[PDB]
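Here is the structure we will look at.
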Amino acid sequence: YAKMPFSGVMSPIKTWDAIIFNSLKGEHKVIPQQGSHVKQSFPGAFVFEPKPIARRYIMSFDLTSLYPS
Amino acid sequence: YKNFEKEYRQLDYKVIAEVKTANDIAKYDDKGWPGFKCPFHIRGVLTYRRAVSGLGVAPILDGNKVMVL
Amino acid sequence: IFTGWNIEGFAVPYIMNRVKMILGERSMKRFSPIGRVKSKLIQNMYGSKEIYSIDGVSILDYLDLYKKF
Amino acid sequence: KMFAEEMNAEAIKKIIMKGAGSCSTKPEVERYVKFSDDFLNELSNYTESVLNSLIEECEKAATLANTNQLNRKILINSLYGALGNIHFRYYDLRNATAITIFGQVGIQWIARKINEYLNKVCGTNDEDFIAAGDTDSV
Amino acid sequence: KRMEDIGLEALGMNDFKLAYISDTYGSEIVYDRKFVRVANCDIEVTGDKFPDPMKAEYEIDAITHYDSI
DNA sequence: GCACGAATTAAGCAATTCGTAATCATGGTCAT
DNA sequence: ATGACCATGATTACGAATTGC
């Protein structure tokens, strides 16, 4: 589905590069060359602070694929 | 809690002792006795080596999983 | 020769990152007379910051010059 | 498509457990879609072996559809991890920081709104109803 | 290398394997699992000392290799 | 520090444990 | 006689060093 060599499937970075290039070439566009940036740490996953007590009646919810959304 | 405190004691010593993978025994292997900041499992391994000293049975070496009591 | 006090730590990087983030790399590379602005990433002492190298002008941080000479 | 294939699996199992007949003909069966009602009616008399042939085809179609589903899910889930690796081709720190900070702000905002609405409905005040939340679930 | 020395972006897919796949297949690929030869190997070597992956000292007594086609 | 290449992210507490101190619970022999 | 004080084991804290996702 991504039109790559097999082993690349063990590498997400390549998995997307290939699919994006396929879709982009599909309408005769051009992909920018790979540049260079810094290995930098940014804020990540955030977790609430629960008070260690007992919960009797409690409900729950979630976000369907939050980051792609 | 009470009845399991009872049952655990009569259980076999080969089903209740903590399972831990033993490695780097050598650096704590001081005269066959536990070294400084010796983990529980390394301490147990060295106790085994002293106990099996003179018995001529299979000893323990770096990287061998053990069961500690 | 393009100097200043603590220049590769706060001046050179900030100006070049801002021109990249505002004008694009095609104008960021206009600093050098030969059109080559390659970013080195390491500063391995704590791995904190990043140095820059504009091929054609000799960056010489006056803070380092004073610290060493 | 996988929903379709599973409902055809149930239908063919029903056909095999009620009704049978000798039909040596093995006509081609449409794939990636649901069979027509008239067709499955005329192949209802497939004893078991001929029905089993249909059952195996339906099972392999369902398996391929499921594997495509997991393909899509893994790609979607790995996109974010791809867009934050400095060796990616479209890496841009502003993008990753934007999506992460937006996730944090959105989850905390939804928690705040939940607290407000629950306090309004219950009539109490300033009681933190949220028990524990990750970046997405709560 | 020549254009990178100048400093202008060299657009296009740097890895030519993806270029080959994109150019010479193009349309959606249809494949069958009965033609891919996937193999499963397992080994068993009789030796006194613990097996060392780089030394390759002993002979090999048990080899098993499963083929799909 | 020396081009050239796989990009699964280091670090935060999590949790452990031993050395030693401070401190406390208690006995041995004493001034009485 | 009767504690009273010096000497002798538990007890908990803190510090220093080591992995784990």
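Quick note on naming: the chains in the structure tokens go A, B, ... in the order shown, residues restart at 1 in each chain, and ligands are numbered from 1 in order of appearance.
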Could you list the residues in chain B lying within 12 Å of chain E, using only C-alpha atoms, and format the result as JSON, numbers by chain? {"B": [61, 62, 63, 64]}
Could you give me the residues within chain C that DSSP places in helix (DSSP H, G or I), as a list in words?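 Answer for chain C restricted to helix (DSSP H, G or I) is residues 7, 8, 9, 10, 11, 12, 13, 14, 15, 16, 17, 18, 19, 20, 21, 22, 25, 26, 27, 28, 62, 63, 64, 65, 66, 67 and 68 of chain C.
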Counting only C-alpha atoms, which residues of range 1-47 of chain A fall within 9 Å of range 75-86 of chain D, and what is the closest atom pair for each with its distance in Å at one decimal, ordered by chain and rising number, as a Markdown table?
```
| residue | atom | partner | partner_atom | distance |
| --- | --- | --- | --- | --- |
| A:12 | CA | D:82 | CA | 6.2 |
| A:13 | CA | D:82 | CA | 5.1 |
| A:14 | CA | D:82 | CA | 8.7 |
| A:15 | CA | D:75 | CA | 8.0 |
| A:16 | CA | D:79 | CA | 7.3 |
| A:36 | CA | D:86 | CA | 7.4 |
| A:37 | CA | D:86 | CA | 6.1 |
| A:38 | CA | D:86 | CA | 6.8 |
| A:39 | CA | D:86 | CA | 6.1 |
| A:40 | CA | D:86 | CA | 8.4 |
```
Keeping only N, CA and C atoms, write the selected residues as a CSV table (one decimal), in the first residue's frame.
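The new file selection-v1.csv reads:
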```csv
chain,number,residue,atom,x,y,z
A,12,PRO,N,8.5,3.4,10.7
A,12,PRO,CA,7.4,4.4,10.4
A,12,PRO,C,7.9,5.6,9.5
A,13,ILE,N,9.0,6.2,9.8
A,13,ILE,CA,9.5,7.4,9.1
A,13,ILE,C,9.4,7.1,7.6
A,14,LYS,N,10.0,6.0,7.1
A,14,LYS,CA,9.9,5.7,5.7
A,14,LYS,C,8.5,5.4,5.3
A,15,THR,N,7.7,4.7,6.1
A,15,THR,CA,6.4,4.3,5.7
A,15,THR,C,5.6,5.5,5.3
A,16,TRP,N,5.8,6.7,5.9
A,16,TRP,CA,5.0,7.9,5.6
A,16,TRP,C,5.6,8.6,4.4
A,36,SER,N,17.8,19.6,7.5
A,36,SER,CA,18.4,19.2,8.8
A,36,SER,C,17.9,20.2,9.9
A,37,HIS,N,17.6,19.6,11.0
A,37,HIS,CA,17.1,20.4,12.2
A,37,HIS,C,17.8,19.8,13.4
A,38,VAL,N,17.4,20.4,14.6
A,38,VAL,CA,18.0,20.0,15.8
A,38,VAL,C,17.2,18.9,16.6
A,39,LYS,N,17.9,18.0,17.2
A,39,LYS,CA,17.2,17.1,18.1
A,39,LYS,C,16.8,17.8,19.4
A,40,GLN,N,15.5,18.1,19.5
A,40,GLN,CA,15.0,19.0,20.5
A,40,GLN,C,13.8,18.4,21.2
```
What separation in Å, quoted to one decimal, exists between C1' of residue 1 in chain F and CA of residue 19 in chain C?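 Here the two named atoms are 29.3 Å from each other.
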Picked from chain B by DSSP as strand (DSSP E), as a PyMOL selection string: chain B and resi 18-22+64-68
Output C-alpha atoms of each residue in that selection to a file, as a PDB file, in the first residue's frame.
```pdb
ATOM      1  CA  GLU B  18      10.741 -14.163  44.412  1.00  0.00           C
ATOM      2  CA  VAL B  19      11.838 -14.786  40.809  1.00  0.00           C
ATOM      3  CA  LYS B  20      14.708 -12.470  39.808  1.00  0.00           C
ATOM      4  CA  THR B  21      17.301 -12.595  37.034  1.00  0.00           C
ATOM      5  CA  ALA B  22      20.788 -12.557  38.563  1.00  0.00           C
ATOM      6  CA  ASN B  64      21.563 -16.765  35.333  1.00  0.00           C
ATOM      7  CA  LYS B  65      17.997 -16.263  36.551  1.00  0.00           C
ATOM      8  CA  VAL B  66      17.451 -17.353  40.158  1.00  0.00           C
ATOM      9  CA  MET B  67      14.667 -17.732  42.704  1.00  0.00           C
ATOM     10  CA  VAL B  68      15.411 -15.899  45.953  1.00  0.00           C
TER      11      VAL B  68
END
```
Write out as a PyMOL selection string the residues lying within 8 Å of residue 39 in chain B, counting only C-alpha atoms (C1' of nucleotides) and excluding same-chain residues fewer than 3 positions away. (chain B and resi 42-43) or (chain F and resi 16-17)
Could you jot down the CA of residue 2 in chain C to CA of residue 59 in chain C separation for me, Å, one decimal place?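 That distance, rounded to one decimal, is 5.4 Å.
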Distance query range 61-70 of chain D at most 9 Å, only C-alpha atoms (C1' of nucleotides), self and fewer than 6 positions along chain excluded, as a PyMOL selection string: chain D and resi 1-6+9+31-32
Could you name the residues that touch residue 28 in chain F at 12 Å or less, counting only C-alpha atoms (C1' of nucleotides), but leaving out those on the same chain fewer than 6 positions away, as a ChimeraX atom specification? /G:4-8
When you count only C-alpha atoms, which of these residues is closest to chain E: C:22, C:54, C:1, C:41? C:54
Pick out the chain C residues within 12 Å of chain D. Count only C-alpha atoms. Give them as a PyMOL selection string. chain C and resi 17+20-21+41
Pick out the chain A residues within 10 Å of chain D. Count only C-alpha atoms. Give them as number ranges by chain. A: 1, 11-17, 31-55, 58-69
Using only C-alpha atoms, find which residues of chain E lie within 10 Å of chain A and jot them down as a PDB file with N, CA, C and O atoms, in the first residue's frame.
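As a result, part06.pdb now contains:
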```
ATOM      1  N   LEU E   8      21.780  25.048  -3.211  1.00  0.00           N
ATOM      2  CA  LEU E   8      20.395  25.044  -3.657  1.00  0.00           C
ATOM      3  C   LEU E   8      19.764  23.687  -3.376  1.00  0.00           C
ATOM      4  O   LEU E   8      20.436  22.654  -3.437  1.00  0.00           O
ATOM      5  N   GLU E   9      18.471  23.700  -3.057  1.00  0.00           N
ATOM      6  CA  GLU E   9      17.760  22.462  -2.764  1.00  0.00           C
ATOM      7  C   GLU E   9      17.711  21.567  -3.996  1.00  0.00           C
ATOM      8  O   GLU E   9      17.436  22.029  -5.106  1.00  0.00           O
ATOM      9  N   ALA E  10      17.981  20.280  -3.792  1.00  0.00           N
ATOM     10  CA  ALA E  10      17.908  19.270  -4.845  1.00  0.00           C
ATOM     11  C   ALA E  10      16.662  18.432  -4.584  1.00  0.00           C
ATOM     12  O   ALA E  10      16.726  17.399  -3.913  1.00  0.00           O
ATOM     13  N   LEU E  11      15.534  18.880  -5.120  1.00  0.00           N
ATOM     14  CA  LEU E  11      14.256  18.244  -4.857  1.00  0.00           C
ATOM     15  C   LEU E  11      14.181  16.876  -5.531  1.00  0.00           C
ATOM     16  O   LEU E  11      14.945  16.559  -6.445  1.00  0.00           O
ATOM     17  N   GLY E  12      13.245  16.063  -5.062  1.00  0.00           N
ATOM     18  CA  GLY E  12      13.048  14.725  -5.575  1.00  0.00           C
ATOM     19  C   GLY E  12      13.402  13.662  -4.545  1.00  0.00           C
ATOM     20  O   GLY E  12      13.999  13.934  -3.500  1.00  0.00           O
ATOM     21  N   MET E  13      13.018  12.426  -4.857  1.00  0.00           N
ATOM     22  CA  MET E  13      13.261  11.316  -3.943  1.00  0.00           C
ATOM     23  C   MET E  13      14.743  10.963  -3.952  1.00  0.00           C
ATOM     24  O   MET E  13      15.279  10.542  -4.983  1.00  0.00           O
ATOM     25  N   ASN E  14      15.406  11.129  -2.807  1.00  0.00           N
ATOM     26  CA  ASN E  14      16.830  10.825  -2.734  1.00  0.00           C
ATOM     27  C   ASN E  14      17.101   9.330  -2.846  1.00  0.00           C
ATOM     28  O   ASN E  14      18.095   8.931  -3.462  1.00  0.00           O
ATOM     29  N   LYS E  17      15.131   3.507  -4.804  1.00  0.00           N
ATOM     30  CA  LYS E  17      14.274   2.327  -4.753  1.00  0.00           C
ATOM     31  C   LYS E  17      12.804   2.721  -4.808  1.00  0.00           C
ATOM     32  O   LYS E  17      12.017   2.149  -5.578  1.00  0.00           O
ATOM     33  N   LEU E  18      12.418   3.712  -4.001  1.00  0.00           N
ATOM     34  CA  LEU E  18      11.050   4.209  -4.036  1.00  0.00           C
ATOM     35  C   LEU E  18      10.712   4.795  -5.398  1.00  0.00           C
ATOM     36  O   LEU E  18       9.579   4.655  -5.870  1.00  0.00           O
ATOM     37  N   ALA E  19      11.681   5.447  -6.044  1.00  0.00           N
ATOM     38  CA  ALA E  19      11.456   5.955  -7.392  1.00  0.00           C
ATOM     39  C   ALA E  19      11.163   4.821  -8.363  1.00  0.00           C
ATOM     40  O   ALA E  19      10.250   4.923  -9.191  1.00  0.00           O
ATOM     41  N   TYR E  20      11.926   3.729  -8.274  1.00  0.00           N
ATOM     42  CA  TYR E  20      11.690   2.572  -9.131  1.00  0.00           C
ATOM     43  C   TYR E  20      10.284   2.018  -8.920  1.00  0.00           C
ATOM     44  O   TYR E  20       9.542   1.783  -9.885  1.00  0.00           O
ATOM     45  N   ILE E  21       9.898   1.816  -7.657  1.00  0.00           N
ATOM     46  CA  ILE E  21       8.580   1.246  -7.378  1.00  0.00           C
ATOM     47  C   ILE E  21       7.475   2.168  -7.873  1.00  0.00           C
ATOM     48  O   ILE E  21       6.496   1.715  -8.478  1.00  0.00           O
ATOM     49  N   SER E  22       7.607   3.473  -7.624  1.00  0.00           N
ATOM     50  CA  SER E  22       6.576   4.411  -8.055  1.00  0.00           C
ATOM     51  C   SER E  22       6.470   4.462  -9.572  1.00  0.00           C
ATOM     52  O   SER E  22       5.365   4.531 -10.123  1.00  0.00           O
ATOM     53  N   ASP E  23       7.608   4.434 -10.269  1.00  0.00           N
ATOM     54  CA  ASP E  23       7.592   4.594 -11.718  1.00  0.00           C
ATOM     55  C   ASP E  23       7.064   3.347 -12.417  1.00  0.00           C
ATOM     56  O   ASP E  23       6.237   3.443 -13.331  1.00  0.00           O
ATOM     57  N   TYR E  25       5.382   0.552 -11.300  1.00  0.00           N
ATOM     58  CA  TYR E  25       4.118  -0.089 -10.950  1.00  0.00           C
ATOM     59  C   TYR E  25       2.949   0.884 -11.019  1.00  0.00           C
ATOM     60  O   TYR E  25       1.961   0.599 -11.703  1.00  0.00           O
ATOM     61  N   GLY E  26       3.021   2.018 -10.326  1.00  0.00           N
ATOM     62  CA  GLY E  26       2.059   3.084 -10.531  1.00  0.00           C
ATOM     63  C   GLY E  26       0.677   2.775  -9.998  1.00  0.00           C
ATOM     64  O   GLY E  26       0.225   3.377  -9.020  1.00  0.00           O
ATOM     65  N   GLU E  28      -2.467   0.452  -8.341  1.00  0.00           N
ATOM     66  CA  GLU E  28      -2.567  -0.329  -7.117  1.00  0.00           C
ATOM     67  C   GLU E  28      -2.065  -1.746  -7.352  1.00  0.00           C
ATOM     68  O   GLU E  28      -2.436  -2.398  -8.332  1.00  0.00           O
ATOM     69  N   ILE E  29      -1.217  -2.219  -6.448  1.00  0.00           N
ATOM     70  CA  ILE E  29      -0.574  -3.519  -6.585  1.00  0.00           C
ATOM     71  C   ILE E  29      -1.505  -4.599  -6.058  1.00  0.00           C
ATOM     72  O   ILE E  29      -2.076  -4.469  -4.968  1.00  0.00           O
ATOM     73  N   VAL E  30      -1.662  -5.667  -6.835  1.00  0.00           N
ATOM     74  CA  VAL E  30      -2.433  -6.839  -6.440  1.00  0.00           C
ATOM     75  C   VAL E  30      -1.470  -8.011  -6.326  1.00  0.00           C
ATOM     76  O   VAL E  30      -0.678  -8.264  -7.243  1.00  0.00           O
TER      77      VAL E  30
END
```
